Amino acid sequence: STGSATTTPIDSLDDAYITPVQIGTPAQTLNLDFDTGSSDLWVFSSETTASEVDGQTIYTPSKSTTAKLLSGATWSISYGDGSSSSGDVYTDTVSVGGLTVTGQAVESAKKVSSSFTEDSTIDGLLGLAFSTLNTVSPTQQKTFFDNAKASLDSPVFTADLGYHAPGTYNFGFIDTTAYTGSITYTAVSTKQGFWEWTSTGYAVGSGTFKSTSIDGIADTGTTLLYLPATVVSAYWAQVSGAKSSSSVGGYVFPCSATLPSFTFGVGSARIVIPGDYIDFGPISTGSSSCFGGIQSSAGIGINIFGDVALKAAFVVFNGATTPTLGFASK
């Protein structure tokens, strides 16, 4: 089997992407944030504290003839941005782009932090990291990908995120029309539960490539590109007037600037992030100071190849017995 679903930016800045997911019988369609940096599929629901729901679409398990409470199961999760959610668990039928999993753990939010409440466009998350990170207790649950894997024509999914435009998540096949040149595959460590790999270096604009190993995770659920402070300093030093602002929380730059591209290495291959991808607009409405799309990972504890980087590529998440990551230009 295969699946193919369109993923759509939630706003003009590509702060995140939502992908429609059918849950239950009859289908309830929720728009979820596909997140290769986590492993819980959780949804706003009929169980979510009412004051914590503000415009999201909710999953109502009582209206699904295939929903079954997973007795005793709870979940609780915190993300790198400090947001969190928690609740209980049903199993139900979940389909993505024509691909169907029966008995998928659907984690029903009883509580969500303000960040989620304040974002009316995201009805939940669908984790695509490794199931070892799944927070369901006392019985850890599998991701949608993990549950689908055996049925898929090939044990892969791909992320083709658009820049200010819709893109595509495919399950079980590689769309050879979706990228240019070849796909360069690179080794993955699953030791921390993530799609963790090692970039072979970087360049800033038309500058020479710096060969250097950068360990990081391929994380569709993170907006920006988080890299070591040395790298990020090298990048912003090429932008007149750019500075790190503690008050704002990262590198800002004059909105009047033209940003240079950023290249990262995948083995011998190179992915170029156009400068425009790195502009996340005014720090506040009307401000002439703009927020940078490349930020320091210092104090995160890990480098994150978030959407800024991934949207510049066609990315293959290869869940073979030995998982690997593939990157192609597009």
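Scope of the values below: all heavy atoms of this structure, side chains included, with no hydrogens, waters or symmetry mates. The residues of the chain are indexed from 1 along the displayed sequence.
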Go through the structure and list residues passing ring pair (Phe, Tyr, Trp, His ring centres under 6.0 Å) with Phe264, not counting sequence neighbours. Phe305, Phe327

Would you call the rings of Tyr59 and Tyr90 parallel, tilted or perpendicular if under 30° counts as parallel and over 60° as perpendicular? perpendicular

Pairs where residues 12-22 contributes a residue and the test side chain to side chain donor-acceptor pair (under 3.5 Å) is met, not counting sequence neighbours: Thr7-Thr19, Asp14-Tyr17, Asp14-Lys311, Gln22-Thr29

Listed partners of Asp175 passing side chain to side chain contact (heavy atoms under 4.5 Å, CB included), at least two apart: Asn170, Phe173, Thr177, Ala178

Shortest non-hydrogen contact from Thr6 toward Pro20: O-CD, 3.4 Å

Apply ring pair (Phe, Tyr, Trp, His ring centres under 6.0 Å) to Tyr226 and list each qualifying residue two or more places apart in sequence or on a separate chain. none

Would you mind reporting whether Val96 and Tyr169 have side-chain heavy atoms less than 4.5 Å apart? no

Partners meeting ring pair (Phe, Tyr, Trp, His ring centres under 6.0 Å) with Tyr179 (sequence neighbours left out): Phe314

Parallel, tilted or perpendicular: ring planes of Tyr251 versus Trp236, cut at 30 and 60 degrees: parallel

Between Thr186 (side chain only) and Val266 (backbone N and O only), is there a donor and an acceptor less than 3.5 Å apart? no

Of all heavy-atom pairs between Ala309 and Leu225, which one has the smallest distance, and what is that distance? CB-CD1, 4.1 Å

Determine whether the aromatic ring centres of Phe262 and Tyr202 lie less than 6.0 Å apart. yes

One pair to check against side-chain contact (heavy atoms from CB on, under 4.5 Å): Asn31 and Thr121. What are the steps and the verdict? CA-CA 7 Å; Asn31 295 328; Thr121 72; over 6 Å; no

Salt bridge (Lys or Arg N to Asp or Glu O under 4.0 Å) contacts touching residues 214-223 (sequence neighbours left out): none

Which atoms form the tightest heavy-atom contact between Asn134 and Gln140, and what is the distance? O-NE2, 2.9 Å

Quick one, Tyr235 with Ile278, criterion side-chain contact (heavy atoms from CB on, under 4.5 Å). Give me CA distance, side-chain angles, the key distance, then yes/no. CA-CA 11 Å; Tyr235 176 81; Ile278 298 165; 3.4 Å; yes

Aromatic ring proximity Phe144/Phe171, centre distance under 6.0 Å: yes

Minimal non-hydrogen separation, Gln192 against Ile302, with atom names: OE1-CD1, 3.4 Å

Closest non-hydrogen atom pair, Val136 against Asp40: N-OD2, 4.4 Å

How would you list all residue pairs meeting side chain to side chain donor-acceptor pair (under 3.5 Å) that involve residues 300-310, not counting sequence neighbours? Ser297-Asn303

Who are the ring pair (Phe, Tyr, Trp, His ring centres under 6.0 Å) partners of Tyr185, not counting sequence neighbours? none

Which pairs, with at least one residue in residues 261-277 and sequence neighbours excluded, count as a side chain to side chain donor-acceptor pair (under 3.5 Å)? none

List in chain and number order the residues that pass salt bridge (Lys or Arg N to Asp or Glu O under 4.0 Å) with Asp119, two or more places apart in sequence or in another chain; answer none if no residue qualifies. none

Scan for disulfide bond (SG atoms under 2.5 Å apart) pairs involving residues 244-277, sequence neighbours excluded, and state none if there are none. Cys255-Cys290

Minimum heavy-atom separation for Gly193 and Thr132, please, with both atom names. CA-OG1, 3.7 Å

The salt bridge (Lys or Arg N to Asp or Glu O under 4.0 Å) partners of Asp33 (sequence neighbours excluded) come to none

Do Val204 and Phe209 belong to the same hydrophobic cluster, where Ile, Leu, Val, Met, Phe, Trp and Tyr are linked whenever their side-chain heavy atoms lie under 4.5 Å apart, directly or via other members? no

Determine whether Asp88 and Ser108 satisfy the following criterion, side-chain contact (heavy atoms from CB on, under 4.5 Å), listing intermediate values before the conclusion. CA-CA 5 Å; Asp88 52 21; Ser108 176; 3.4 Å; yes

